[PDB]
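In this analysis, Cβ positions are derived from the backbone assuming ideal geometry, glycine residues included, and neighbour counts consider all displayed protein chains. What follows is calculated from the coordinates using simple rules that are stated; it is not laboratory data.
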Amino acid sequence: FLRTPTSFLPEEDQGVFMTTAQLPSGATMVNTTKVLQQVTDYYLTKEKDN
Amino acid sequence: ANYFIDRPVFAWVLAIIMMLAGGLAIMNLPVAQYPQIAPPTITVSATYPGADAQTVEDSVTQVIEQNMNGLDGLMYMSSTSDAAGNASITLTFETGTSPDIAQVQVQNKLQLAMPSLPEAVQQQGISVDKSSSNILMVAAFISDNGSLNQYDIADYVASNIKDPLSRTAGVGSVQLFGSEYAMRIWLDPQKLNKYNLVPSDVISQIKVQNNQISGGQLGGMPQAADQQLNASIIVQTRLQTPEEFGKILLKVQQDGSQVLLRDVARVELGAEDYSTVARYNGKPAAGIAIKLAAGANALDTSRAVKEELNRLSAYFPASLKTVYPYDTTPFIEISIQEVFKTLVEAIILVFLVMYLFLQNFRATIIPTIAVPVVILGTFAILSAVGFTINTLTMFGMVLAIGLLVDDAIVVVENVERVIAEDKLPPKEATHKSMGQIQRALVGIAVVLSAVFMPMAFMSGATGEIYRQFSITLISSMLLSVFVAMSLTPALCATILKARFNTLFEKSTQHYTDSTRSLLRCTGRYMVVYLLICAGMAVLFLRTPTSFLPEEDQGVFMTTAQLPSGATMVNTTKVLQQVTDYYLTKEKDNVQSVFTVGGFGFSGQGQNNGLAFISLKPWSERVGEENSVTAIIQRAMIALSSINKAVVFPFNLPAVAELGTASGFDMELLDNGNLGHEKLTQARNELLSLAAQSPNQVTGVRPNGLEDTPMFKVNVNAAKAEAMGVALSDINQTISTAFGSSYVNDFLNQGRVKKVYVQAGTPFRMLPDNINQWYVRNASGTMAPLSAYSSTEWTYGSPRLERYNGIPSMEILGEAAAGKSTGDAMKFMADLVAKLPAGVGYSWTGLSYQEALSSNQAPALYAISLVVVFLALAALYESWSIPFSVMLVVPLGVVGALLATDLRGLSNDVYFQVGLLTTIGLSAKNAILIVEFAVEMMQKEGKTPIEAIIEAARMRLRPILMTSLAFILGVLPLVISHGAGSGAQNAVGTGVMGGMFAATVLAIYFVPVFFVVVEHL
Amino acid sequence: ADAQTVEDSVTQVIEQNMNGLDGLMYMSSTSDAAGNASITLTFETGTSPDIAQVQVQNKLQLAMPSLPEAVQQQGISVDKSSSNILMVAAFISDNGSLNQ
Amino acid sequence: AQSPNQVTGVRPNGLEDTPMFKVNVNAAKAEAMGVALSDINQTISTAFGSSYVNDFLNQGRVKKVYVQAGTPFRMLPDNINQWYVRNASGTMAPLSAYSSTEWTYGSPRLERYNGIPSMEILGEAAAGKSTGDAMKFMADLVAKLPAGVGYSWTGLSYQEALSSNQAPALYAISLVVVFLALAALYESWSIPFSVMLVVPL
Ligand SMILES: CCCCCCCCCCCCCCCCCCCC(=O)O[C@H](COC(=O)CCCCCCCCCCCCCC)COP(=O)(O)OCCN
Ligand SMILES: CCCCCCCCCCCC
């Protein structure tokens, strides 16, 4: 009873998830838009099956 | 039922469950001196800096009062408008209304009403507070070494103490006795004259330069493509140091010299509210008042707050101590400890009595374990219904202990008797005795519940105390019946086996021989009974009425009031005299004196002051010479020589309800159209007409302040406008100079603080100062203020008051001798009717509850009689028998009345609950005698006399055991004189004597009533 | 406004009053550099959200007089809703006529 | 970050300090030439920030009207040189005259938890470990930090920590309750022991 790890509730596959994209402080919306476009391209090409 | 006898393990498990639930209850249960008793109130406070009484009443008070409608459960609403610019509107809501709902309703109405108030009171903000009186602690902060003055300590306690606490459990209405820092700017009329400036220019430049400008963003959005930079812009920031406020550039002269604010004014980190001076033991200090919360624990909250102060005492800058004046926590702790001691001593005495009577350790072991089971179960029930452990509930349990003991004794005595005679084994004997007393026990439960419910169903302030008492008694009684039916029979089944005794047998034989004389003069006996009954009524018409006895809470308060128009210098002097007396001529008893001048209970002012006075712990003052009552009555005579003050010490009110059943509070509403002068003329017709008849009303004193001189400045608009100066400029410079002018906010040590502008101290203290200020024409020239304005010395009021939207006067009085409240509030009416036409009267606060529902007392005490009659008829299966169970209650009533009246008490609530307990016990004894008598009549054929005598002989011992145990249990309560002595004596002297008369007269009269009823 | 500007002139003012009302399990407060103050009080399980909002709003106007202007003609937005998105519904243009 | 076998992907839920433009306006120099400080402040604030002026009607709905400088005139530290402020006599003087621009540093987002500043942190547990192990590991990691910093679990962590302490007590009351129930149902104290000696199995 002391060797077992502790937890609250197991993780589940809810069918959705999120990704955050944080740029260096002082960057503008142009660079953030480019970064998010790269993220969208990766997800929509390399994960087109899921 | 009787199936627990065959299964002792079931009964033991139920007992263990009761004990566990009781322990879990007492571990987590709120403790307090008293529960919430006063009807919920909502207080609306508004501040108008510098406004008069009339100006406040005309602008802030009336507008707020006109839009307080649609509130549910609103009994009345009273408003006070001071001369310091404070308007306070209190709305009293009905009992049971949710205070949060009432607060939100009032605040929403005020939210919609706000745009009508002047900007100067809008800027301060109007505070709606769900809170009442009965401050918990007045913990104060003092300077040890020096340097730190009043304002510095007040600012520290406002900026790093008030907010860190007030999140503690049971703490929700913290009030301050100081004022946090501000950026007081003191103007100089001559320096302003030299540079051709006015306070308006100073205020405008402060508003312009002490501003927070939103710079925006370099870059920002929408942005062009190829934008790689995005930063904020800083343009300005609110000033922080007082040296920065002195560099504000008011103007630039043609010569080129710069005029700064420091050149026309003295800037200084001062205070916001300057009209409050707090001193601890003479030393200057500033403190806070912790008004507790609705649902609170009066003990652990105190420990947690003390621990918080110890924790954040290392953050204290230097030489700052954290003393605790007031602090009425030890009184609650001592009261609860004493009641627990009484409860345990009752069990010890009961065990001793059972040993001395039954003379069998096995026999006596049963109640000694059965009683704590019931006590713990009742604690669990009180926690399950949501009842806090306070003085009322514990003192109700003090009668409950005797009620449970009586059941335990009767069960054990019957089992012991049946194993004694008839040679029945313990189990068979237990079955026999329980068959004998089973339905009698349930009938007794019904009768006692019917006796106790009427007190449960009252309303108002009385209703809550009565509810606490009756809920406690009902829970304890109903649990005791079930436990006596379940736990006790198993214990008697498994425990008992196969000098004074001879004296008791001889006494019982003598009693039977004397009781046999029913065949001689029975009728005359009844006549005597009637006389006693009549005497009871006579006593019931002589005992005075009171609410609760005053206690030795350990602290009291003195109020020093200067006559009128008296400055803070004289008030501080008078309070210094008061604290010097209390700390040099009473040093043995008095520990601390915390004197706050300016803060009077009758209202803020420079002619008021109040001193909290603490006392050395009860372990250091003993007797009557060193109690609170004697201390205040010794100090009253000593302080009559305070040389122009009306200082008046007094003890803490019980729950702040009323001044005994003699005090009344009427208000003389003007109505019609008559003004304030014609209303004060009516108030002067009264206070004299009433004093002409001192047989009914004595202390008719006019609560409220009286007329004072007032300076009047008559500006001449025509001349001023003809020669160039607008009336706005004159009216603004006078107001800003003499009566403060909030400008904006600023940042100090990471905290937002106000900025004020006022005239210099020496330039606003005399009527000859007004002709020292100058105002600017349209062409830039400056002209004196005396060329326009004239001066007068008119008369005016310093504190106006209104009631329900009608100008009132608040005449409060007291009843004379034995004349009760009702005759007082009947004589004040029909005396108001003789006043000039227009004025009316209204009862408030104390008399209101007694002006809408008064017949709510006896209807349920007649319903109780009807219900108990029905229950008894069901028990005995006849209609005439219950009369000789009803004819026994006056026997206990008259005894309790005598034992109370001939010792020095009154008709307090504790007397009422003790009287009902004695009534219940007498009814139970009569029920149990008549039960055996009727069983003999209906089962083993006998005559109405031969059966009743045998029943009385059988029941002699249980009555003499329970009554003696109950009398001895409450005996130390009567003799106690320490902390909480009044409540102890009240729950003592009554029952101790009600029980004695009940037992003696019941055992000597029940056969007479039985014979008369059966033969009639 | 700036981050410190907001955190001192708006967040401090609103924060000066909410200390403990019914069940305050814990309190958070963020102040951005885009002019955004986001106090996020969290009460104990079983508290009535309506009563909690009532208490929060009856203690917020004890701080309202200390707030500046241009925070008013936009409006304070007390909310008792959840803090986590339940559903996002996006709207697009099929052919590409309407811009964002 | 250097202990990947316990905690993986620990990141802060906040924003880092940024450079910030600062403008200093000479009140004395401005007031000497007649241009008011209030007017300068208002022009700068409206140009680079915005100004909600009024409401108006669009397709039957009330919307807001905003005044701001154009996109090309709001982008560079030298753009502040193009704005002119009107004198008290009607003449226009450039804003670059009585002003000085510099750069400083400032935080773009300030946080507070329970009333004190905070730096809320996110991060998952490494493979093989559980959230309790990572929670304890980070509580240990905090102890090796400069004095003047604390740690507070919040959100899901609050409830997980509460449950971990709750459970053993709940086992205790459940065992005592089942013992008492058996003792009451069966009139004996033997079965309550012969049965309660089996729960470890
Ligand atoms: C077989 C018998 C022997 C074995 C018994 C075993 C029982 C063991 C444990 C018994 C103790 C628990 C049950 C006793 C009552 C406690 C629960 C009271 C709950 C409570 O607080 O309600 C009170 C109602 O008064 C009350 O006490 C309820 C009044 C109920 C109506 C009574 C008659 C009313 C008048 C009608 C006259 C006509 C006669 C009707 C037949 C007051 O309410 P609160 O404080 O919550 O409210 C506040 C706002 N007001
Ligand atoms: C098994 C029969 C027991 C005796 C008759 C029932 C008595 C009920 C009394 C009132 C309820 C406890």
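In peptide B:26-35, how many Cβ atoms from other protein chains are near each Cβ within 10 Å, on average?
Values: counts 0, 0, 0, 0, 0, 0, 0, 0, 0, 0.
Going residue by residue through B:26-35 and averaging, the value is 0.
Which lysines does B:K678 reach when only Cα atoms under 20 Å apart count, and residues fewer than 8 places away in its own chain are ignored?
B:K834
For peptide D:14-24, compute the average count of partner chain beta-carbon atoms within 10 Å of each residue's beta-carbon.
Numbers: counts 2, 6, 4, 3, 9, 7, 12, 11, 7, 6, 3.
Going residue by residue through D:14-24 and averaging, the value is 6.
Counting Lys and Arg as +1 and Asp and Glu as -1, each charge on the Cβ, what is the dipole of the protein assembly as shown about the Cα centre in debye, to the nearest 20?
On the way: 84 positive and 111 negative charges, 339 e Å.
Its charge dipole is roughly 1620 debye.
Set the Förster distance to 30 Å, then compute FRET efficiency between B:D707 and B:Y195 from the Cβ-Cβ distance, nearest 0.05.
So the FRET efficiency works out to roughly 0.10.
So if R0 is 51 Å, what FRET efficiency would A:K34 and B:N67 give, r being the distance between their Cβ atoms, rounded to the nearest 0.05? Each step should come with its number before you reach the end.
On the way: r = 58 Å, r/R0 = 1.13.
With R0 = 51 Å, the Cβ-Cβ based efficiency is 0.35.
Ranked from highest to lowest mean number of other Cβ atoms within 10 Å per residue, what is the order of the peptides B:972-981, B:634-643?
Going from most to least packed, we get B:972-981, B:634-643.
How shielded is C:5-13 by partner chains, expressed as the average number of their Cβ atoms within 10 Å of its Cβ atoms?
Numbers: counts 11, 4, 7, 8, 7, 1, 2, 5, 2.
Shielding by partners across C:5-13 averages 5.
Considering Cα pairs under 8 angstrom that are at least six residues apart, work out the relative contact order of region B:99-190 and quote it in whole percent.
Working: 40 pairs, mean separation 20.8, N = 92.
Dividing the mean separation by the residue count of region B:99-190 yields 23 percent.
For C:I76 and B:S116, FRET efficiency with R0 = 22 Å and r from the beta-carbon atoms, rounded to 0.05?
Working: r = 21 Å, r/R0 = 0.98.
The calculated FRET efficiency here is 0.55.
What's the magnitude of the charge dipole for region B:785-906 around its Cα centre, counting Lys and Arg as +1 and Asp and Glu as -1 at the beta-carbon? Answer in Debye, nearest 20.
Values: 6 positive and 9 negative charges, 11 e Å.
Here the size comes out at about 60 debye.
Where does chain B land on the Kirkwood hydrodynamic radius, alpha-carbon pairs, in angstrom?
33.6 Å
What are the residues whose amide H is under 5 Å from the amide H of B:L320, where those residues sit 5 or more places off or on another chain and H is modelled from the backbone?
HN-HN under 5 Å from B:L320: B:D144.
Based on other C-beta atoms within 10 Å, arrange B:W186, D:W103 from fewest to most.
Fewest-to-most ranking of B:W186, D:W103: D:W103, B:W186.
Per-residue counts of other Cβ atoms within 10 Å, averaged by peptide: what ranking do you get for B:466-477, B:378-389, highest first? Show your work: numbers first, answer last.
Numbers: B:466-477: 23.4, B:378-389: 19.3.
My ranking of the peptides, most packed first, is B:466-477, B:378-389.
By counting other Cβ atoms within 10 Å of each Cβ, how are B:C533, B:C492 ranked from fewest to most? Please list the in-between numbers first.
Numbers: B:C533 16, B:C492 27.
Fewest to most other Cβ atoms nearby, the residues stand as B:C533, B:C492.
What Kirkwood Rh does region B:550-613 have if only Cα atoms enter the pairwise 1/r average? Answer in Å. Mind dumping the intermediate values first?
Numbers: mean 1/r = 0.0822 Å⁻¹.
Taking every pair of different Cα atoms in region B:550-613, averaging 1/r and inverting gives 12.2 Å.
Given points 7 Å out from each Cα along the Cα-Cβ axis, report the A:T19 to B:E307 separation in nanometres with one decimal.
Rounded to a tenth, the inter-label distance reads 5.0 nm.
Relative to the compact-globule scaling 2.2 N^0.38 Å, provide the ratio for the alpha-carbon radius of gyration of region B:290-414.
On the way: Rg = 21.2 Å, N = 125, 2.2 N^0.38 = 13.8 Å.
Scaled against compact globular proteins, the figure is 1.54.
Can you compute 3J(HN,Hα) from phi for each residue in region B:714-726, using the Karplus curve 6.51 cos²θ - 1.76 cosθ + 1.60 with θ = phi - 60°, rounded to whole Hz and x for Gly and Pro?
Taking θ as phi minus 60°, the curve returns 9, 7, 9, 5, 4, 4, 4, 6, 5, 9, x, 8, 6 Hz for region B:714-726.
Above 24 angstrom, tally the Cα pairs of region D:100-201 and express them as a % of all pairs, no decimals.
Values: 2887 of 5151 pairs.
Considering region D:100-201, 56 percent of its Cα-Cα pairs are separated by more than 24 Å.
Treat each spin label as a single point 7 Å out from the Cα along the C-beta direction, and report the B:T494 to B:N771 distance in nm.
10.3 nm
Check B:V697: other-chain or 5+ apart residues with amide H under 5 Å from its amide H, H built from backbone geometry?
Residues meeting the criterion, in which the H sits 1.01 Å from N, are B:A816.
Would you mind checking which residues have amide H under 5 Å from B:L260's amide H? H placed 1.01 Å from N; only 5 or more apart, or other chain.
Under 5 Å from the amide H of B:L260 lie the amide H atoms of B:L250, each far enough along the sequence or on another chain.
I need the semi-axes of the equivalent ellipsoid of region C:1-67: take the C-alpha gyration tensor, multiply each eigenvalue by 5, square-root it, list largest first in whole angstrom. Could you put the intermediate results ahead of the total?
Working: eigenvalues 109, 34, 14 Å².
Equivalent-ellipsoid dimensions as semi-axes: 23, 13, 8 Å.
Using a 10 Å cut-off around each Cβ, can you sort B:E505, B:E272 from fewest to most neighbouring Cβ atoms? Each step should come with its number before you reach the end.
Details: B:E505 10, B:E272 23.
Result, fewest neighbours first: B:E505, B:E272.
Only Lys, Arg, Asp and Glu count, each charged at its Cβ (+1, +1, -1, -1), so figure out the dipole size of region B:240-382 about its Cα centre, rounded to 20 debye.
Working: 13 positive and 14 negative charges, 61 e Å.
In total the dipole reaches around 300 debye.
If you plug each phi of region B:332-347 into the Karplus form 6.51 cos²θ - 1.76 cosθ + 1.60 with θ = phi - 60°, what whole-Hz ³J(HN,Hα) values come out, in order, with x for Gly and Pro?
4, 4, 5, 4, 5, 4, 5, 5, 5, 4, 4, 5, 6, 5, 5, 5
Pairs to check: B:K109/B:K754; B:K719/D:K29; B:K321/D:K136; B:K321/B:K616; A:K46/D:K144; B:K207/D:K64. Give those whose C-alpha atoms are more than 31 Å from each other in this structure.
Checking Cα-Cα distances, B:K719/D:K29; B:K321/D:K136; A:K46/D:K144 exceed 31 Å.
Using the Karplus curve 6.51 cos²θ - 1.76 cosθ + 1.60 with θ = phi - 60°, work out ³J(HN,Hα) for each residue of region B:178-185 in order, rounded to whole Hz, and write x for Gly and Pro.
Each residue's phi maps through the Karplus curve to give x, 8, 5, 5, 8, 10, 3, 10 Hz.
Rounded to whole Å, give me the distance from the Cα center of region D:38-111 to that of region B:954-992.
Computed from Cα coordinates, the inter-centre distance equals 85 Å.
As a check on your grasp of the helix formula, calculate [θ] at 222 nm for chain B: sum -39500 (n - 2.57) over DSSP H runs of n ≥ 4, divide by the residue count, round to the nearest 500.
Computed mean residue ellipticity for chain B: -15500 deg cm²/dmol.
Please sort B:364-376, B:853-865 by packing, taking for each peptide the average over its residues of neighbouring beta carbons within 10 angstrom, highest first. Show your work: numbers first, answer last.
Working: B:364-376: 21.7, B:853-865: 12.6.
Those peptides, ordered most packed to least, come out B:364-376, B:853-865.
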